[PDB]
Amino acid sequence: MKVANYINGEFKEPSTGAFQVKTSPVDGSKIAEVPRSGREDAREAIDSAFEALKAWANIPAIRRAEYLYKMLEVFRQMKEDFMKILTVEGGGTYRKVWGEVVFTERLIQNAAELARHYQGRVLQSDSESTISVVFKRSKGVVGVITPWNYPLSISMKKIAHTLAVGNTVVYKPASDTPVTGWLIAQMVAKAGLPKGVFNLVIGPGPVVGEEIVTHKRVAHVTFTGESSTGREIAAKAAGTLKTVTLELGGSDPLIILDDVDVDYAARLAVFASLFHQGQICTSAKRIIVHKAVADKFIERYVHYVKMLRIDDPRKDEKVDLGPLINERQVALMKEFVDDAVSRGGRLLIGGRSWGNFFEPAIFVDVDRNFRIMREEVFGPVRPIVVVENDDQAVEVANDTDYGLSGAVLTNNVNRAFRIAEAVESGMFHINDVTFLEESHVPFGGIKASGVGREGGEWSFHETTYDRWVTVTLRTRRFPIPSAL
């Protein structure tokens, strides 16, 4: 299977012909040949986007909405193809990739729904005879740069909404998930969007991505990935004063208090901490439990972790966990386990690994110096920390450089609200999973987890600017020359 770039309405090879073979994390079988594009390809996409910009931005919102409703209809027909690739390319289980595709349907529909309804403001003027209003205008060409864990839904949340308010897009997917990206471009092409409005360039982040980030004709970059990458991108973007949206790592706390249904809390914790092998930005990566239920919680949680079924995700619809995306991820998880053991952690269960598969390793007896307390653990290694009271719960929850999401389980309204208030995160959820996400809510973090919010109108805020415009209806006298 050969995959291509999508530039100015045309599927085409990179200008060098350079290509790369992509393999499945599941068994190493070959999947496709994909472009290894370079700077010239990115520049061509940016140039196409730029030349398409004025026509795309200046048609009525309702027309852009019609293209998006069309893209929605095309997506609905391609659902099976997307699910297939999210599994074999990305390692996702059926339930995982099904969920991603449902959400992605909802995201495209949401962008379409909202395009006509993004409003500016009419202001009171402090001056006589003055009309004072504020228009919303699209930023221009927008770079879209994405990760590999939820490659479809993350890409589409950015792409659909950015397009909705009249920006054009240059899209560079994660090198482990280029085929998903190529399918998105297939969907867009079948939807018949004007040439240059959406462009796909497949290539290395440090080459194609950096060209996008540093190009003068790009107005904004919306980026999801590691904090370190985000910081580099932000620095590079400064040269042209382009704005950025950065959704970076998380190390979300899940806080379990002593008044919970302990069995339910364990079920919830298992799903939150380990869904998609814990490879989720808002995965519950640090579990924090009140000592009065800690023993029962830990037993029950481990009991349910043991029930998890790890297998070839292609095999059937009931597989719980698939493989990690590549061998480097397995190597890193081993470093995390090695660190925890060396610092006196107790390995209650798991740690076995074969190929790219990894059995969830669960630690207790951890302290704040463990790497799995200090770093984002983007994989199935999880600490459980026991605390004596709610002050400690909050202290532990905030003892991280990250600040994405978080959750508290309790039946007490005062403890729930106090903890929600006190925990330093961009998002918070009482009595639910840490990775709750809807299409039209402001999704994003604080501290090292990034800047900006995406989802519905918040995506619109990110890729538009306000424009104050006035009409003065009366002449007046001016202070200079005073001789007049």
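Don't overthink the numbering: it's just position in the shown sequence, from 1.
Higher mean CA temperature factor, per the PDB entry, when comparing 382-390 with 311-319: 311-319. Here 140-148 and 354-362 are compared by their mean Cα B-factor, and 354-362 comes out higher. Reading the B-factor column for the CA atoms of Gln124, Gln77, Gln119, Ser155 in the entry, the top value corresponds to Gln77. Each of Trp182, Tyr171, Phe370, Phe135 has a CA temperature factor in the record; the biggest one is found at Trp182. Residue-level temperature factors show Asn58 in the highest third of its chain, judged at the C-alpha atom. In the deposited entry, the Cα temperature factor of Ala32 places it in the highest third of its chain's modelled residues.
In the PDB entry, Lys70 places in the highest third of its chain by CA B-factor. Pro178: CA B factor lies in the highest third for its chain, per the PDB record. Per the deposited record, the Cα B-factor of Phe297 falls in the middle third when ranked against the other modelled residues of its chain.
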